[PDB]
Each structure stands twice: as C-alpha cells, then as structure tokens.
Amino acid sequence: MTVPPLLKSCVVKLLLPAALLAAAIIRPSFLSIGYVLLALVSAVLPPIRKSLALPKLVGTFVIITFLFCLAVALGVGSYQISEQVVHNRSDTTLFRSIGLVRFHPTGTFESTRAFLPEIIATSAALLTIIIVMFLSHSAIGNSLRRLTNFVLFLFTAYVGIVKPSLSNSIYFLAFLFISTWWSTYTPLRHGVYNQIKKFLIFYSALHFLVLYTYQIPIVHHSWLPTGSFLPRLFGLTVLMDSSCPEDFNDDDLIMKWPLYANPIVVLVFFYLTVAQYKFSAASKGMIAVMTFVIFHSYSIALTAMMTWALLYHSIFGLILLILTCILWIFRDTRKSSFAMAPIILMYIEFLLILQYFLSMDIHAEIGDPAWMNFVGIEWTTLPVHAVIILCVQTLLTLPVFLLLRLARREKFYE
Amino acid sequence: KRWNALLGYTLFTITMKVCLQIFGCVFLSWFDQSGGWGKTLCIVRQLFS
Amino acid sequence: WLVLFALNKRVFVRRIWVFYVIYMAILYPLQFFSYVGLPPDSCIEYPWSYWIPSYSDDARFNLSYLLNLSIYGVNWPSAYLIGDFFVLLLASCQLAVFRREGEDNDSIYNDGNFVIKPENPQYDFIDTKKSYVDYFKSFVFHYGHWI
C-alpha cells in the first residue's frame with residue numbers, strides 16, 4: 001500500500017530516459033525518432049502529487065509509450081527471425097534504418113548489440129507495466145534560485161561555445177537578447193521568461209532530433225556527406241560510425257573535447273532547463289564595501305577590458321586600448337563610463353559576434369578576405385582552444401556588461 | 001486461491017527440477033556449442049542450475 | 001502423481017487412490033526386476049544400449065540409469081528401494097484409512113460459502129488455556145503461516 005508516487009515517478013522520468021539514451025547511442029535507426037520522441041514528450045510532466053491518481057495526459061502519453069515500444073520490439077524480433085530463416089543495397093539501407101543489425105559471434109559489446117536495444121525496450125516496457133499498475137493508490141532559497149538561474153545562463157553560453165554554428169547561433173542570440181534585457185535592470189515578465197524557456201526547449205528538441213537522426217549511418221552516407229556545406233554551416237558532426245563486419249573526421253588532435261562532449265553537455269543542459277522550468281561589523285561594513293564596488297566597477301571592468309586586449313590581438317583590440325586610455329585619462333572616468341556605456345557595449349557585442357562568425361564551424365568557405373591579412377584574428381581551426389578562449393572571453397565580458405547595468409540603475413535613480 | 005497458486009508453483013518448479021536433472025545429465029551435450037549461441041545457452045544453463 | 005494429488009480436492013484423491021496404490025504396487029516389483037536385469041550368462045544385450053548411439057558411453061549409461069533400466073554389473077543404490085518401499089507403506093496405509101473413513105478428514109468448506117460457520121464442535125482455544133497442548137495448538141494454528 002505504501003506506494004511512493006514521487007519516488008517512482010522520478011525513477012521513471014529520469015532513469016528510463018537514461019537507459020533509453022544509452023540504448024539509443026548504442027545504435028541509430030528509426031528507433032532514434034520514435035524512442036527519443038517517447039523520451040522527450042515527457043519533458044516536464046505533471047507530477048503525481050497524490051492527486052487524481054495518474055494524470056490523464058500523462059497516462060495517455062505512457063500508454064502510447066506502451067503501444068509504440070511493444071510494436072517496435074515485436075517488429076524487430078519478427079524481422080530478425082525472418083532474416084535468420086531467409087539469410088549494401090536499398091533493402092540493407094532499410095535494414096539499418098529500421099533498427100536491425102547483422103549478427104556476428106565476435107563481439108562483447110557487438111554480438112549482444114544485435115538484440116540488446118529490443119531487450120532494453122522490453123525491460124523498460126515491463127517496468128512501466130509494473131509502475132503503472134502499482135502507482136494507482138526562503139531568502140537563501142531565492143538566492144540559490146537566482147544563482148542557479150545565473151549558472152543556467154552560463155550554461156547557455158557554454159553550450160553556445162562548444163559548437164559555434166547555426167545550431168548554437170540561435171542559442172547565442174537568445175543568450176545575448178536575454179542578457180541585454182536583464183542588463184537594462186527592467187524586470188522581465190515571467191510570461192516572456194516562460195516564452196523564452198519554451199522556445200529554448202523546442203529548439204533543443206529539434207537540435208537533438210537533427211543531430212541524432214543525422215548520426216544514422218544512412219543519412220550521412222546518402223543524403224549529404226559528413227562535414228559538408230550544411231554540417232559546416234549549421235553544425236552536424238557524426239560521432240560513431242563503427243558497424244558490424246560488412247570514427248569521426250580525423251584524430252590529428254587526440255583530445256577533441258568539444259566534439260565528444262556536445263551530446264552529453266547539451267543533454268544535461270536540457271535536463272537542467274526542464275528541471276528549472278518545473279521548479280559584527282554592522283551595516284557600515286558592507287555598505288562601504290558596496291560604495292567602493294560602485295565607485296570602482298568601471299575601473300575593474302576597464303582593467304578586465306585591458307586583459308581582453310592582452311589576450312586577444314586585433315586592430316579592434318587597438319581600438320579597445322585607445323578607448324581604454326581615453327576613458328582612463330580624464331577626470332570624469334565615472335561620468336565618461338556613464339555616458340559611453342551603450343557605445344562600448346555595442347562595440348564589445350559586435351566584437352563577440354565577429355569572433356563568433358570567425359569561429360563558426362565553417363572553414364575556408366569565406367576564404368581569407370581583407371579583414372584577415374590586415375587585421376589578424378585566428379580562424380580557431382582547433383575547437384579545443386576555441387572553446388576555452390571564448391569561455392574566457394564571455395567570463396571576461398561579464399563585468400564590462402554589468403557596468404551598463406549599474407549605470408542604468410543609477411541613471412533612473414535620479 | 002493464492003495459497004493454492006503457491007502450491008502449484010512449487011510443484012511446477014519441483015517438476016522442472018526433476019525434468020532438468022535428466023536434461024543436465026544426458027542432454028548436456030547440446031550445451032557443448034561454439035561461442036555466441038552456445039555462450040548464451042551456457043549462461044542459461046548456469047541460471048537454471 | 002504428486003502434482004495431480006496436491007491441486008485437487010480430497011474427493012478426487014479418494015477416487016484415484018486405488019489407482020495410485022495399484023500403480024505403485026505394480027511398479028515396485030517392476031523396478032526390482034529392472035534393477036536385477038538379465039543374467040550376464042545369458043549374454044543378451046539390452047535395447048537401451050542403442051537408443052542414442054550418437055552420444056558417448058557415459059551419456060547412454062546415465063540415460064539408462066535415470067530411466068532405471070538395467071546395466072550389466074551396476075551397483076544399484078539401496079536408497080531408491082528404501083524410498084520406494086516407504087512410499088508403498090504410506091500408500092497402503094493411506095488406502096486402508098481411505099476405506100475406513102467418513103467425512104472427518106476433508107475440508108469443512110465443501111458446503112460452498114467461506115464465511116464463519118455458525119457452530120463448530122471445538123472451543124475457542126486462543127483465549128482459553130486448557131493445557132500445554134493448547135499452547136502448541138495456538139502456536140501452530142495462529143503462527144504456523146509464519147513458519
């Protein structure tokens with residue numbers, strides 16, 4: 001009788017997608033579409049909080065999972081049996097695309113792989129049967145919530161950094177838009193925040209769909225080759241290409257951390273976003289501390305701006321240093337920042353988007369125009385260095401971005 | 001009915017063990033296969049004792 | 001035989017116990033004859049020496065042993081005979097009990113309803129403390145399912 005609704009609901013909503021994604025990354029097929037869709041429909045489902053038993057919509061989604069998983073498992077089993085009884089062509093293309101794979105007796109993770117995905121699907125189906133038949137019976141908190149919103153903001157930045165391309169270009173655009181809205185210190189409505197979250201979740205689901213369904217061997221073999229114009233532009237990388245007896249790009253750099261980390265990083269990003277959607281010295285001491293902070297915020301941001309000029313080389317960087325010395329040469333340093341904060345923000349954001357364009361997954365598509373030989377910022381051919389340098393760039397541009405926040409706040413105080 | 005079901009299940013497994021005695025003493029030679037299929041049936045021999 | 005015995009009510013067992021005891025009392029001499037087998041002086045082979053020629057001699061010997069078919073010069077264990085004899089003893093004595101019997105042994109639920117019966121011949125042993133036999137009765141009819 002002591003049926004834990006929350007515990008078993010969390011077990012479902014977390015582990016069954018987990019083993020689901022494991023059996024998926026094992027082998028890609030139409031099982032990708034169906035099975036990843038079964039995972040992603042749940043998203044942030046209405047919790048079973050001891051009310052109205054299992055939700056009607058949740059129950060409908062779960063019974064759809066029953067039907068689809070049972071049909072897929074039975075079909076794969078029947079097709080494998082038929083192949084065994086009977087036995088690179090179009091029939092073989094459909095053979096890979098459906099979910100079947102050739103059986104060979106020489107694999108620890110390969111001979112089992114011939115039937116493991118359907119075994120895992122049947123096990124998940126049985127667990128769902130058991131669970132559905134069994135379930136039918138703040139100040140520090142607010143500070144931590146804002147801190148986790150900030151680290152989700154940083155995670156949006158990081159997942160934009162890991163694959164600079166049109167797959168994450170919209171991520172970076174949403175990042176900059178919400179950052180500028182939050183910088184004006186105008187309280188952004190919870191409706192707009194919910195709309196931004198919904199757009200992020202929808203485009204993330206589309207991103208999973210395209211990245212994985214493109215990871216199917218047939219798609220990259222037939223429709224368009226791996227690392228072609230669209231993969232170089234939008235961003236499409238195939239991770240696993242090893243198959244049964246009839247693996248990405250090249251291994252000149254052994255690490256290749258961003259390329260291998262893209263799936264798991266974006267997956268944990270999805271999980272964090274859906275979870276967030278569901279979720280003495282007296283006053284004189286820190287008042288003087290905050291007074292010093294507001295009197296030296298432009299100074300510290302400008303020193304970080306120099307640090308950017310040290311790390312990165314450009315005639316733009318020359319413009320950065322000349323604007324730095326202009327701002328730090330006069331008596332009205334605070335007033336100078338107060339007046340030219342929008343201009344420096346526009347310049348730095350343009351520099352961000354320009355180095356992003358220069359760090360796109362595209363290579364040799366634009367060539368080496370006059371803005372390269374004369375100016376000279378690296379193309380970032382290796383992504384391992386690119387991810388680190390652009391993460392340094394954003395963590396450095398954070399305070400020079402906050403200076404406009406403080407300037408606007410002060411500005412509407414008078 | 002549940003207790004009689006437990007009775008029937010215990011007698012089911014007693015019959016299965018008695019019938020598997022001969023399956024393991026003279027019918028074990030079907031279990032001397034190669035890897036793969038033989039490996040799987042070797043495991044099921046282990047897990048059916 | 002055990003499976004057909006257990007999952008059936010006492011009426012069916014009463015009907016088939018004569019058949020079962022006849023079967024056991026026929027098998028026991030048959031089993032002893034099978035253990036004895038043909039004399040080696042006869043020099044006549046057994047049919048089960050060629051039932052499965054595709055296997056080794058050990059497999060054929062074990063197959064004949066589990067079927068309790070005779071093997072030339074094999075030491076049949078006495079435990080088989082002792083166990084079968086004890087089964088025969090119990091079967092014969094239970095047949096004797098079955099012939100001299102009314103309605104005491106079978107279930108009291110033959111009427112059909114499973115609610116508490118109005119009257120029962122024996123007192124409420126749980127509350128009373130007649131003797132140590134009452135203690136044992138309470139222990140085994142109140143916590144026997146635990147065991």
# chains A, B, ... in the order shown; residues from 1 in each chain; ligands from 1
call {"tool": "residues_around", "arguments": {"residues": "stretch 29-32 of chain B", "least_positions_apart": "3", "cutoff": "10 Å", "atoms": "only C-alpha atoms", "output": "list in words"}}
result
residues 23, 24, 25, 26, 35, 37, 38, 39, 40, 41, 42, 43, 44 and 45 of chain B; 55, 56 and 59 of chain C
call {"tool": "write_last_selection", "arguments": {"atoms": "C-alpha atoms", "output": "mmCIF file, in the first residue's frame"}}
result
data_model
loop_
_atom_site.group_PDB
_atom_site.id
_atom_site.type_symbol
_atom_site.label_atom_id
_atom_site.label_comp_id
_atom_site.auth_asym_id
_atom_site.auth_seq_id
_atom_site.Cartn_x
_atom_site.Cartn_y
_atom_site.Cartn_z
ATOM 1 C CA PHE B 23 18.412 -32.649 -19.215
ATOM 2 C CA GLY B 24 21.680 -31.910 -17.404
ATOM 3 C CA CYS B 25 22.969 -35.486 -17.058
ATOM 4 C CA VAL B 26 22.402 -36.803 -20.603
ATOM 5 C CA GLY B 35 30.521 -19.108 -28.773
ATOM 6 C CA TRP B 37 24.510 -19.074 -29.233
ATOM 7 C CA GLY B 38 26.499 -21.616 -27.234
ATOM 8 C CA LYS B 39 27.634 -18.874 -24.864
ATOM 9 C CA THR B 40 24.040 -17.728 -24.315
ATOM 10 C CA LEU B 41 22.787 -21.261 -23.673
ATOM 11 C CA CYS B 42 25.762 -21.875 -21.375
ATOM 12 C CA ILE B 43 24.622 -18.839 -19.368
ATOM 13 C CA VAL B 44 21.017 -20.056 -19.300
ATOM 14 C CA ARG B 45 22.326 -23.420 -18.079
ATOM 15 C CA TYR C 55 26.465 -39.884 -27.883
ATOM 16 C CA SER C 56 29.229 -41.266 -25.663
ATOM 17 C CA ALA C 59 25.585 -40.435 -21.736
#
call {"tool": "residues_around", "arguments": {"residues": "residue A:5", "least_positions_apart": "5", "cutoff": "9 Å", "atoms": "only C-alpha atoms", "output": "list in words"}}
result
residues 10, 47, 48, 49, 50, 135, 136 and 137 of chain A
call {"tool": "write_last_selection", "arguments": {"atoms": "N, CA and C atoms", "output": "mmCIF file, in the first residue's frame"}}
result
data_model
loop_
_atom_site.group_PDB
_atom_site.id
_atom_site.type_symbol
_atom_site.label_atom_id
_atom_site.label_comp_id
_atom_site.auth_asym_id
_atom_site.auth_seq_id
_atom_site.Cartn_x
_atom_site.Cartn_y
_atom_site.Cartn_z
ATOM 1 N N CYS A 10 9.879 9.878 -10.290
ATOM 2 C CA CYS A 10 11.220 10.353 -10.606
ATOM 3 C C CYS A 10 12.075 9.239 -11.197
ATOM 4 N N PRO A 47 3.462 16.308 -12.184
ATOM 5 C CA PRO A 47 3.838 15.327 -11.162
ATOM 6 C C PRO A 47 2.624 14.665 -10.530
ATOM 7 N N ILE A 48 2.812 13.417 -10.113
ATOM 8 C CA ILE A 48 1.746 12.654 -9.443
ATOM 9 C C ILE A 48 1.896 12.948 -7.954
ATOM 10 N N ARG A 49 1.323 14.071 -7.535
ATOM 11 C CA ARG A 49 1.412 14.522 -6.146
ATOM 12 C C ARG A 49 0.217 14.053 -5.320
ATOM 13 N N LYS A 50 -0.038 12.743 -5.338
ATOM 14 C CA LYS A 50 -1.130 12.114 -4.591
ATOM 15 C C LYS A 50 -2.493 12.710 -4.930
ATOM 16 N N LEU A 135 1.213 2.318 -9.101
ATOM 17 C CA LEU A 135 1.058 3.701 -8.662
ATOM 18 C C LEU A 135 -0.390 4.068 -8.363
ATOM 19 N N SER A 136 -1.351 3.255 -8.798
ATOM 20 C CA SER A 136 -2.759 3.583 -8.616
ATOM 21 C C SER A 136 -3.204 3.333 -7.179
ATOM 22 N N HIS A 137 -2.679 4.117 -6.242
ATOM 23 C CA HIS A 137 -3.063 4.001 -4.840
ATOM 24 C C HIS A 137 -2.728 5.278 -4.078
#
call {"tool": "interface_residues", "arguments": {"of": "chain B", "to": "chain C", "cutoff": "10 Å", "atoms": "only C-alpha atoms", "output": "list in words"}}
result
residues 4, 5, 7, 8, 10, 11, 12, 14, 15, 21, 22, 23, 25, 26, 27, 28 and 29 of chain B
call {"tool": "atom_distance", "arguments": {"atom1": "atom CA of residue A:153", "atom2": "atom CA of residue A:313"}}
result
27.4 Å
call {"tool": "select_by_dssp", "arguments": {"residues": "stretch 11-83 of chain A", "states": "alpha helix (DSSP H)", "output": "PyMOL selection string"}}
result
chain A and resi 11-26+30-31+37-42+56-83
call {"tool": "closest_residue", "arguments": {"among": "A:303, A:97, A:9, A:108", "to": "chain B", "atoms": "only C-alpha atoms"}}
result
A:108
call {"tool": "atom_distance", "arguments": {"atom1": "atom CA of residue A:218", "atom2": "atom CA of residue A:239"}}
result
13.8 Å
call {"tool": "interface_residues", "arguments": {"of": "chain A", "to": "chain B", "cutoff": "9 Å", "atoms": "only C-alpha atoms", "output": "ChimeraX atom specification"}}
result
/A:104-107,111-112
call {"tool": "write_last_selection", "arguments": {"atoms": "C-alpha atoms", "output": "short mmCIF file (atom, residue, chain, number, x, y, z; two decimals), in the first residue's frame"}}
result
data_model
loop_
_atom_site.label_atom_id
_atom_site.label_comp_id
_atom_site.auth_asym_id
_atom_site.auth_seq_id
_atom_site.Cartn_x
_atom_site.Cartn_y
_atom_site.Cartn_z
CA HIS A 104 28.31 -11.88 -35.70
CA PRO A 105 29.75 -14.12 -32.96
CA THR A 106 32.79 -11.92 -32.25
CA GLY A 107 31.69 -9.04 -30.03
CA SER A 111 27.29 -9.74 -30.55
CA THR A 112 24.96 -8.70 -27.73
#
